[PDB]
Amino acid sequence: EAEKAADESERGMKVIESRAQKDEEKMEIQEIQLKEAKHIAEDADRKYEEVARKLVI
Amino acid sequence: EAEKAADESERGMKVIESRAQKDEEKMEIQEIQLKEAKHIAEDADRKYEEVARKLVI
Amino acid sequence: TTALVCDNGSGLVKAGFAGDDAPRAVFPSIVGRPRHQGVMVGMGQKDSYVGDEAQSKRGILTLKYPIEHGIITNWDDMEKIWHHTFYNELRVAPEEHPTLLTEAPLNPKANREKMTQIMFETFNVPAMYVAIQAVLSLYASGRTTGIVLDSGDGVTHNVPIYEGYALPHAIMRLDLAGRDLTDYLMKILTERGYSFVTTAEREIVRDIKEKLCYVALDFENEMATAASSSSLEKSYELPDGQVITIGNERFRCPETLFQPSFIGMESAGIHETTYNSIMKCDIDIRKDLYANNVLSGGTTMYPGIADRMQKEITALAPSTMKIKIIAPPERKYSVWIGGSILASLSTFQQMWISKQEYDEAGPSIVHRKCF
Amino acid sequence: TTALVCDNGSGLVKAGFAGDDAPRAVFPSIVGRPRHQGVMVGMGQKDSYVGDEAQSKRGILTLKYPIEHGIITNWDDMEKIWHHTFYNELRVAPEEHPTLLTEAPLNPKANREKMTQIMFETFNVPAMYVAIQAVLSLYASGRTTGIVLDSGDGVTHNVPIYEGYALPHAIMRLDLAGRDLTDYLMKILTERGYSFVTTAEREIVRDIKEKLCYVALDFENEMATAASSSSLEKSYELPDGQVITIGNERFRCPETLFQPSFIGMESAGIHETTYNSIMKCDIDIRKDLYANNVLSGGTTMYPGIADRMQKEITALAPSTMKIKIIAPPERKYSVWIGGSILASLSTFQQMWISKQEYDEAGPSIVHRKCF
Amino acid sequence: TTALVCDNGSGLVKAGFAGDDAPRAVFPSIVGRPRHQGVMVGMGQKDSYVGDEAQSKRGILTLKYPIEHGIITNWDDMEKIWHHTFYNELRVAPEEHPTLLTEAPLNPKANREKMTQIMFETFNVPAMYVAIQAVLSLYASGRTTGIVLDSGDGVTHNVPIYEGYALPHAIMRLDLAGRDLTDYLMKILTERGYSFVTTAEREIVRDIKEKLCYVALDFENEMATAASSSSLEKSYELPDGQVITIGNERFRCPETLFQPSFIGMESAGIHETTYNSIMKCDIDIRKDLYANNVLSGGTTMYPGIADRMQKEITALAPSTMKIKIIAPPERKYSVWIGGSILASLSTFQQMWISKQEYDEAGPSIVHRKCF
Ligand SMILES: Nc1ncnc2c1ncn2[C@@H]1O[C@H](COP(=O)(O)OP(=O)(O)O)[C@@H](O)[C@H]1O
Ligand SMILES: Nc1ncnc2c1ncn2[C@@H]1O[C@H](COP(=O)(O)OP(=O)(O)O)[C@@H](O)[C@H]1O
Ligand SMILES: Nc1ncnc2c1ncn2[C@@H]1O[C@H](COP(=O)(O)OP(=O)(O)O)[C@@H](O)[C@H]1O
Ligand SMILES: [Mg+2]
Ligand SMILES: [Mg+2]
Ligand SMILES: [Mg+2]
């Protein structure tokens, strides 16, 4: 049973590390799209601030 | 040796599951902020078009 | 040959060869000294970090500006700044390159004399010249009349010029500038619970001031809006996290220009000084001076400053006078552009101060009619 | 000639020549005396067993540690330890070998003074130098910044270094260490039925701690699991039989590091002292200290300590920072590796305290710039 | 009716009725919690000890100061402290007595608003008011002109007043105070072998600082004398025994006030901040401010501080200007004396914040003209 548990541990660590690298790629791409989303949000924010100042003046 | 190997494999799978839940709430918060950023940017687009027409007139 | 156009200013040294469209090297003018002892041996730390390098080591250095208000108070630091500018940012030997220098109006003669002496003795430049920071800005705007407001980080001044003839008796100088605005922001951010004391985090406060501060068209209305609603609040991310939100303080910092009494100064606001300088001149050129207001300097880059200043000066000025304010996007670098244009002129080649002339006449040659 | 690097440490003396990749001699710092009478005539037992020899005769000796927490308390035992290390372990004459010594921060000056006096007088070493454990640990870790947590058997401390510059006001020292963990393991083993009192059984308890204990990522969840499941129980073979099985006591002993309230200490856990030390430093270097957390010392060798401390710091720190913990496999010998690297540097050769300087300025020369 | 004058301070709450020569209730502002189990049943133990009661049980409790640097960081503890002051030390119902409170300059607005809200809601006082401590110190001194230095236990600040007019732009606030001095004394006492870590030992270190520490006229000369001779060694007797001996750290601890570099702070000493504040004012009032330097606060009773500060200022100030330092013996309670005097004026009776005014205007009434 020690050897059986060792084999269980080996394919378990294989599958969890595969899922882990998948998760790393996923978190990286969503962090990137977080950067673009924040950039677009702030862009729209100050663009509308400027146009509203122009409207009031 | 096999018992020790199974031990650190169990620790690794537990910690990677914990990181999986961590990434889960990370995905939740990034999704909700992405949705709110999209909504505010699109509303900014409509109000920008409206105030641009107002500026022209 | 080519001419170098160095613009020391205060808090930002910008330089480049004459004839270029834009300055080549722009970096803050600070000198850093390590305030700790250092435990790791063999690294061999230098005893002074100068220029843009000191910005990356803010956490282990103390930053001292060698220029307080236009004038130079620490000459060794200024010499280090000049050496760094000539030998690292531009990587050109000043032995065979004339230099054009700028400084604010109404400055001590000793400052100019010592600058000239250091530049002929230490660096041995073939020739050099000193120009007013406002006339160059007037060149860069493609104008020949009108007044120019050069609000930098050290000093703010107005120089009325009509048809290329300056009016010395109408020049007004004010010591309120960007540094005082940064200090006032540091002081008023304490009421929200944020404490900034170290000279390193003064740069952080300057970053907030640049990024978020704006000038309000009306003060009382914006105060009421901020007190009632909360739509004017924005959040800034500090270098170590703990995002902070600033509300009413967003537009109170730049209002010191129009309300100098906030920092205790008795002098009048920017618009009032501009109007007083306008009416200090003659009566036959007031219309052209009204119609050709020119803005320059970094401090004049706040969003909405042009509209507020125009409204104030229109309120002061008679109704039947057209008022226009010229605010090009490149206000910050306008002075250097004008300096490059002036140095590229062919007729200016005879106005340089030759080294032989300096040796024959002494350091007092610059103040002489050979300006 | 070649330099000699000796690390007195606490509970383990490790030494070797400079330029080596690993210490040659590692043995416990124990002096034992026979407590019985002795009836056989002719063998002639010696009156003091020193070093690893006392481990063999552990059952008939009273093992005394010459140092309690960094500070030497029994000087004569320390001359015995140093003589054994220099003669029976390295088999070298210290008359022609400069000696580098390692010493913990925030310790009495009399300690360093007596150490240097003993080295210069008793052993007549030509030159010597005393260094801080954290700096050596950072040397061996291939880093120039980052906060290092050195937790040995005597004392646990954090020293933040940025760009080779230390922050003395941010150094935090905690006296909780491996010896207190062993004592708590004794105190917690007696609730199951095993009593260890004699100083000989101190070594057995320490061996059990080294071989079986581990840090739990969550405390309440692990206790709940162990209250029902019996999968956490492991057996240990005493040097005479009667195997013992320990359940939740295996992961409760190292929890004292993160829960110092178990042994009555008022202070906070190491995960909190590290965060407090980081927030003590300047605001412009907190990100680099967060991203370069370095571990060293024997006590930081528990399985799963890195994950637990990373989780705790991530909970404490703002959510916008990446918390990274560096745990090289050779944590225990990191300080000696750093010492070998430091002594092998060529520019270090002029920083030794030579015999002439010690003779001229007395023992007080240690606290000069040759810190 | 009579008014109450409660001075929160930082670590020392002093209160009493208005119109008295001195407060009748002085006790440290600490809240203690039992950190042990407690075996005896029926003892009726309390879960929180406040005020001077916790000073008698330091060895079984943990001491938490509700105020870090002027700002209250724990409102439940402050509520308990105020309830204790009103109901046990003073033994008067606050429902029929106006209350006067004090706070430091440049205090966050939320702190003052929450203070007034708590006072109006929980204790239901009929009227209340908050005043700056420097103004009260000036009133107690019998002067009406002169820069005042109020170095307490949490914060040190200077406020210049000329002819009853305050200059907000010249107020300098520094976070160095008695607590930092106590921490530095803890840090430097380890140089001899005495370790004080638990919050209980903080009071012992504070008592040592109060009894023995003094300010040296010169630093280098006194250090040389201490290193050469042994006349400065003074012994203190701990609550048990093992009398400790203190050498040059007897006067090295208060030097942090004049050398903030010891604890790693960037700002200059108090002797230099005072001069900077003096030069921050106008030019026609600098003579009176030089000649009317006022000292207050508990931290300003180190023997010889007045002479050292006078020497420093005379070194900084022009030669033809005379410098005078006022150090009344009742320095610690000067703020309360001024508060009682101010509350005794009949003119001040119209400046109270009535409960109806607060109810109709909300918490924002405090920052209105009723400052
Ligand atoms: N857009 C902006 N918003 C706020 N402050 C600004 C902006 N641009 C420049 N500044 C301020 O102007 C200062 C630099 O002005 P500058 O014209 O470089 O002075 P000098 O010419 O004397 O160096 C900086 O301290 C900066 O804080
Ligand atoms: N694998 C391990 N797991 C847990 N604890 C260990 C391990 N190895 C060593 N230790 C502990 O570390 C201590 C040795 O620390 P050491 O590095 O010698 O400190 P110092 O450098 O101050 O002498 C021992 O007392 C032992 O209890
Ligand atoms: N003779 C003295 N020597 C050293 N420190 C003193 C002395 N007298 C008072 N202090 C310090 O002053 C502090 C109390 O000052 P105080 O005016 O009560 O400030 P606060 O009102 O903020 O508590 C104490 O913490 C104490 O350490
Ligand atoms: Mg400029
Ligand atoms: Mg060690
Ligand atoms: Mg006080």
# chains A, B, ... in the order shown; residues from 1 in each chain; ligands from 1

call {"tool": "residues_near_ligand", "arguments": {"ligand": "ligand 6", "cutoff": "7 Å", "atoms": "only C-alpha atoms and all ligand atoms", "output": "list in words"}}
result
residues 9, 10, 133, 150, 152, 153, 297 and 335 of chain E

call {"tool": "write_last_selection", "arguments": {"atoms": "N, CA and C atoms", "output": "PDB file, in the first residue's frame"}}
result
ATOM      1  N   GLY E   9      -5.082  64.457  26.309  1.00  0.00           N
ATOM      2  CA  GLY E   9      -3.656  64.242  26.212  1.00  0.00           C
ATOM      3  C   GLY E   9      -3.334  62.981  25.433  1.00  0.00           C
ATOM      4  N   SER E  10      -2.244  62.327  25.835  1.00  0.00           N
ATOM      5  CA  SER E  10      -1.846  61.053  25.239  1.00  0.00           C
ATOM      6  C   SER E  10      -1.135  60.259  26.329  1.00  0.00           C
ATOM      7  N   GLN E 133      -4.377  73.324  22.126  1.00  0.00           N
ATOM      8  CA  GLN E 133      -3.608  73.281  23.365  1.00  0.00           C
ATOM      9  C   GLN E 133      -2.625  74.441  23.469  1.00  0.00           C
ATOM     10  N   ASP E 150       4.822  72.968  22.592  1.00  0.00           N
ATOM     11  CA  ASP E 150       4.015  72.068  23.410  1.00  0.00           C
ATOM     12  C   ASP E 150       4.393  70.636  23.055  1.00  0.00           C
ATOM     13  N   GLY E 152       4.222  67.114  24.146  1.00  0.00           N
ATOM     14  CA  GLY E 152       3.528  66.191  25.021  1.00  0.00           C
ATOM     15  C   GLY E 152       4.099  64.794  24.948  1.00  0.00           C
ATOM     16  N   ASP E 153       3.217  63.807  25.091  1.00  0.00           N
ATOM     17  CA  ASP E 153       3.602  62.409  24.963  1.00  0.00           C
ATOM     18  C   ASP E 153       3.308  61.828  23.589  1.00  0.00           C
ATOM     19  N   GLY E 297       4.141  71.381  28.179  1.00  0.00           N
ATOM     20  CA  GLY E 297       4.126  69.948  27.938  1.00  0.00           C
ATOM     21  C   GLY E 297       5.007  69.189  28.907  1.00  0.00           C
ATOM     22  N   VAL E 335      -1.420  73.492  30.136  1.00  0.00           N
ATOM     23  CA  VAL E 335      -2.558  73.453  29.222  1.00  0.00           C
ATOM     24  C   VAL E 335      -3.866  73.436  30.001  1.00  0.00           C
TER      25      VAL E 335
END

call {"tool": "closest_atom_pairs", "arguments": {"of": "chain C", "to": "chain D", "cutoff": "12 Å", "atoms": "only C-alpha atoms", "output": "tab-separated table"}}
result
residue	atom	partner	partner_atom	distance
C:34	CA	D:165	CA	8.6
C:35	CA	D:165	CA	9.2
C:36	CA	D:165	CA	6.3
C:37	CA	D:165	CA	6.4
C:38	CA	D:165	CA	4.1
C:39	CA	D:165	CA	6.0
C:40	CA	D:164	CA	5.1
C:41	CA	D:348	CA	7.2
C:42	CA	D:347	CA	6.0
C:43	CA	D:164	CA	7.7
C:44	CA	D:164	CA	9.8
C:45	CA	D:164	CA	8.7
C:55	CA	D:284	CA	10.1
C:56	CA	D:284	CA	9.0
C:57	CA	D:284	CA	8.2
C:58	CA	D:284	CA	6.5
C:59	CA	D:284	CA	4.9
C:60	CA	D:165	CA	7.5
C:61	CA	D:165	CA	10.3
C:62	CA	D:282	CA	11.8
C:195	CA	D:283	CA	11.5
C:196	CA	D:283	CA	10.1
C:197	CA	D:282	CA	11.1
C:198	CA	D:282	CA	8.8
C:199	CA	D:282	CA	11.0
C:200	CA	D:284	CA	7.7
C:201	CA	D:283	CA	7.6
C:202	CA	D:284	CA	11.3
C:203	CA	D:284	CA	10.4
C:204	CA	D:284	CA	9.2
C:237	CA	D:320	CA	9.6
C:238	CA	D:283	CA	8.8
C:239	CA	D:284	CA	6.4
C:240	CA	D:287	CA	5.9
C:241	CA	D:318	CA	5.8
C:242	CA	D:318	CA	6.4
C:243	CA	D:318	CA	9.2

call {"tool": "interface_residues", "arguments": {"of": "chain A", "to": "chain C", "cutoff": "8 Å", "atoms": "only C-alpha atoms", "output": "ChimeraX atom specification"}}
result
/A:50,53,57

call {"tool": "write_last_selection", "arguments": {"atoms": "C-alpha atoms", "output": "compact mmCIF listing (two decimals), in the first residue's frame"}}
result
# COMPACT_ATOMS: atom_id res chain seq x y z
CA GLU A 50 -13.43 67.38 -20.01
CA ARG A 53 -16.45 71.17 -18.35
CA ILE A 57 -18.46 76.79 -19.91

call {"tool": "residues_near_ligand", "arguments": {"ligand": "ligand 3", "cutoff": "6 Å", "atoms": "only C-alpha atoms and all ligand atoms", "output": "ChimeraX atom specification"}}
result
/E:9-12,152-154,178,206,209-210,297-299,301-302,332

call {"tool": "write_last_selection", "arguments": {"atoms": "C-alpha atoms", "output": "PDB file, in the first residue's frame"}}
result
ATOM      1  CA  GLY E   9      -3.656  64.242  26.212  1.00  0.00           C
ATOM      2  CA  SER E  10      -1.846  61.053  25.239  1.00  0.00           C
ATOM      3  CA  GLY E  11      -1.288  58.534  28.011  1.00  0.00           C
ATOM      4  CA  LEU E  12      -2.112  60.977  30.821  1.00  0.00           C
ATOM      5  CA  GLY E 152       3.528  66.191  25.021  1.00  0.00           C
ATOM      6  CA  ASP E 153       3.602  62.409  24.963  1.00  0.00           C
ATOM      7  CA  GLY E 154       2.113  61.946  21.496  1.00  0.00           C
ATOM      8  CA  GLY E 178       7.760  61.043  24.900  1.00  0.00           C
ATOM      9  CA  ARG E 206       9.193  55.404  31.510  1.00  0.00           C
ATOM     10  CA  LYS E 209      13.395  58.027  31.926  1.00  0.00           C
ATOM     11  CA  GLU E 210      11.546  60.443  34.204  1.00  0.00           C
ATOM     12  CA  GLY E 297       4.126  69.948  27.938  1.00  0.00           C
ATOM     13  CA  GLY E 298       5.383  67.111  30.082  1.00  0.00           C
ATOM     14  CA  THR E 299       8.303  66.206  27.817  1.00  0.00           C
ATOM     15  CA  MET E 301      11.168  68.960  32.019  1.00  0.00           C
ATOM     16  CA  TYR E 302      14.511  67.365  31.252  1.00  0.00           C
ATOM     17  CA  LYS E 332       2.979  69.697  32.562  1.00  0.00           C
TER      18      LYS E 332
END

call {"tool": "interface_residues", "arguments": {"of": "chain A", "to": "chain B", "cutoff": "9 Å", "atoms": "only C-alpha atoms", "output": "PyMOL selection string"}}
result
chain A and resi 2-3+5-10+12-13+16-17+20+23+27+30-31+33-34+37-38+40-45+47-48+51-52+54-55

call {"tool": "select_by_dssp", "arguments": {"residues": "range 6-243 of chain D", "states": "strand (DSSP E or B)", "output": "ChimeraX atom specification"}}
result
/D:6-7,13-17,25-27,31-34,49-50,61-64,67,72,99-103,127-132,146-151,156-162,165-166,172-174,234-238,241-243

call {"tool": "select_by_dssp", "arguments": {"residues": "range 11-229 of chain C", "states": "helix (DSSP H, G or I)", "output": "MDAnalysis selection string"}}
result
chainID C and resid 53:56 58:60 75:89 94:96 109:121 133:140 168:170 178:192 199:212 219:228

call {"tool": "write_last_selection", "arguments": {"atoms": "C-alpha atoms", "output": "tab-separated table (two decimals), in the first residue's frame"}}
result
chain	number	residue	atom	x	y	z
C	53	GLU	CA	18.73	58.11	-10.81
C	54	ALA	CA	17.73	59.68	-7.49
C	55	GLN	CA	14.05	59.18	-8.33
C	56	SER	CA	14.55	55.40	-8.28
C	58	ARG	CA	13.89	57.86	-3.08
C	59	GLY	CA	13.57	55.49	-0.13
C	60	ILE	CA	17.21	55.63	1.00
C	75	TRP	CA	26.41	75.89	-6.16
C	76	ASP	CA	28.13	72.51	-5.80
C	77	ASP	CA	24.82	70.74	-6.44
C	78	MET	CA	24.15	72.97	-9.45
C	79	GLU	CA	27.61	72.16	-10.82
C	80	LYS	CA	26.83	68.46	-10.38
C	81	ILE	CA	23.53	68.93	-12.23
C	82	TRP	CA	25.28	70.69	-15.11
C	83	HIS	CA	28.03	68.07	-15.30
C	84	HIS	CA	25.48	65.26	-15.36
C	85	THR	CA	23.47	67.03	-18.07
C	86	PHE	CA	26.53	67.59	-20.25
C	87	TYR	CA	28.19	64.19	-19.81
C	88	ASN	CA	25.44	61.58	-19.35
C	89	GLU	CA	22.08	62.77	-20.69
C	94	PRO	CA	30.91	71.20	-24.09
C	95	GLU	CA	34.39	72.20	-25.28
C	96	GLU	CA	33.17	73.04	-28.81
C	109	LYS	CA	23.17	89.96	-10.33
C	110	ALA	CA	25.52	87.75	-8.31
C	111	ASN	CA	23.63	84.67	-9.51
C	112	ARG	CA	24.12	85.56	-13.18
C	113	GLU	CA	27.76	86.54	-12.66
C	114	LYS	CA	28.58	83.29	-10.85
C	115	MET	CA	26.77	81.22	-13.49
C	116	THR	CA	28.81	82.88	-16.23
C	117	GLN	CA	32.06	82.45	-14.28
C	118	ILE	CA	31.41	78.76	-13.59
C	119	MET	CA	30.44	78.05	-17.18
C	120	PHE	CA	33.57	79.64	-18.66
C	121	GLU	CA	35.94	78.31	-15.98
C	133	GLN	CA	12.39	82.74	-19.77
C	134	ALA	CA	9.38	84.76	-20.99
C	135	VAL	CA	10.74	86.21	-24.24
C	136	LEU	CA	11.64	82.72	-25.44
C	137	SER	CA	8.11	81.55	-24.65
C	138	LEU	CA	6.87	84.49	-26.72
C	139	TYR	CA	9.04	83.33	-29.63
C	140	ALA	CA	7.71	79.78	-29.31
C	168	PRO	CA	10.59	96.73	-17.78
C	169	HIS	CA	8.51	99.02	-15.56
C	170	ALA	CA	5.44	96.76	-15.90
C	178	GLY	CA	4.20	74.77	-7.97
C	179	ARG	CA	6.38	74.02	-4.95
C	180	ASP	CA	4.10	76.06	-2.68
C	181	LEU	CA	1.07	74.28	-4.14
C	182	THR	CA	2.67	70.91	-3.35
C	183	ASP	CA	3.44	72.03	0.21
C	184	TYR	CA	-0.12	73.28	0.66
C	185	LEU	CA	-1.47	69.95	-0.59
C	186	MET	CA	0.78	68.17	1.90
C	187	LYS	CA	-0.57	70.37	4.69
C	188	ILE	CA	-4.25	69.98	3.76
C	189	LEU	CA	-4.07	66.23	3.19
C	190	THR	CA	-3.52	65.81	6.94
C	191	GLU	CA	-7.16	66.68	7.64
C	192	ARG	CA	-8.18	63.47	5.82
C	199	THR	CA	11.14	64.63	1.42
C	200	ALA	CA	10.84	61.37	-0.53
C	201	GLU	CA	7.04	61.30	-0.30
C	202	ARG	CA	6.83	64.96	-1.31
C	203	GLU	CA	7.34	63.50	-4.79
C	204	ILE	CA	4.34	61.23	-4.20
C	205	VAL	CA	2.24	64.23	-3.18
C	206	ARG	CA	3.43	66.00	-6.33
C	207	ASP	CA	2.22	63.00	-8.33
C	208	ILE	CA	-1.26	63.28	-6.80
C	209	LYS	CA	-1.23	67.03	-7.45
C	210	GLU	CA	-0.34	66.52	-11.11
C	211	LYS	CA	-2.77	63.66	-11.70
C	212	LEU	CA	-5.94	64.70	-9.85
C	219	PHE	CA	-15.41	78.21	-5.91
C	220	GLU	CA	-18.58	78.47	-3.83
C	221	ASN	CA	-20.65	76.34	-6.21
C	222	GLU	CA	-18.02	73.58	-6.30
C	223	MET	CA	-17.71	73.75	-2.51
C	224	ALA	CA	-21.47	73.29	-2.13
C	225	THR	CA	-21.48	70.45	-4.66
C	226	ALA	CA	-18.65	68.63	-2.89
C	227	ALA	CA	-20.28	69.15	0.51
C	228	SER	CA	-23.65	67.84	-0.72

call {"tool": "residues_around", "arguments": {"residues": "residue 52 in chain C", "least_positions_apart": "2", "cutoff": "9 Å", "atoms": "only C-alpha atoms", "output": "NGL selection string"}}
result
:C and (26-30 or 49-50 or 54-56)

call {"tool": "atom_distance", "arguments": {"atom1": "CA of residue 230 in chain D", "atom2": "atom 4 (C, counted along the ligand's line) of ligand 2"}}
result
22.6 Å

call {"tool": "atom_distance", "arguments": {"atom1": "CA of residue 329 in chain E", "atom2": "CA of residue 258 in chain E"}}
result
21.7 Å

call {"tool": "closest_residue", "arguments": {"among": "E:362, E:98, E:51, E:108", "to": "residue 71 in chain E", "atoms": "only C-alpha atoms"}}
result
E:108

call {"tool": "residues_around", "arguments": {"residues": "residue 6 in chain E", "least_positions_apart": "2", "cutoff": "8 Å", "atoms": "only C-alpha atoms", "output": "PyMOL selection string"}}
result
chain E and resi 4+8+13-16+99-102+336

call {"tool": "residues_around", "arguments": {"residues": "residue 309 in chain C", "least_positions_apart": "4", "cutoff": "12 Å", "atoms": "only C-alpha atoms", "output": "PyMOL selection string"}}
result
chain C and resi 149+215-218+255+257-258+269-275+293-295+300+302-305+313-317+323-327

call {"tool": "decode", "arguments": {"residues": "range 8-31 of chain B", "atoms": "C-alpha atoms", "output": "mmCIF file, in the first residue's frame"}}
result
data_model
loop_
_atom_site.group_PDB
_atom_site.id
_atom_site.type_symbol
_atom_site.label_atom_id
_atom_site.label_comp_id
_atom_site.auth_asym_id
_atom_site.auth_seq_id
_atom_site.Cartn_x
_atom_site.Cartn_y
_atom_site.Cartn_z
ATOM 1 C CA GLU B 8 4.178 16.262 0.907
ATOM 2 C CA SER B 9 1.977 15.422 -2.088
ATOM 3 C CA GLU B 10 -1.096 15.773 0.137
ATOM 4 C CA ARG B 11 0.227 19.090 1.439
ATOM 5 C CA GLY B 12 0.814 20.283 -2.122
ATOM 6 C CA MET B 13 -2.647 19.303 -3.323
ATOM 7 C CA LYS B 14 -4.232 21.005 -0.309
ATOM 8 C CA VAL B 15 -2.279 24.219 -0.904
ATOM 9 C CA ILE B 16 -3.049 24.207 -4.633
ATOM 10 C CA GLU B 17 -6.745 23.718 -3.856
ATOM 11 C CA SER B 18 -6.501 26.714 -1.516
ATOM 12 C CA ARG B 19 -4.925 28.731 -4.327
ATOM 13 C CA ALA B 20 -7.762 27.496 -6.552
ATOM 14 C CA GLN B 21 -10.375 29.008 -4.240
ATOM 15 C CA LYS B 22 -8.243 32.165 -3.997
ATOM 16 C CA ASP B 23 -8.271 32.426 -7.789
ATOM 17 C CA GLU B 24 -12.017 31.773 -7.609
ATOM 18 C CA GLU B 25 -12.791 34.919 -5.639
ATOM 19 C CA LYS B 26 -10.165 36.724 -7.726
ATOM 20 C CA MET B 27 -12.134 35.767 -10.844
ATOM 21 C CA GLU B 28 -15.385 36.848 -9.191
ATOM 22 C CA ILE B 29 -14.063 40.290 -8.242
ATOM 23 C CA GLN B 30 -12.330 40.848 -11.584
ATOM 24 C CA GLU B 31 -15.508 39.837 -13.431
#
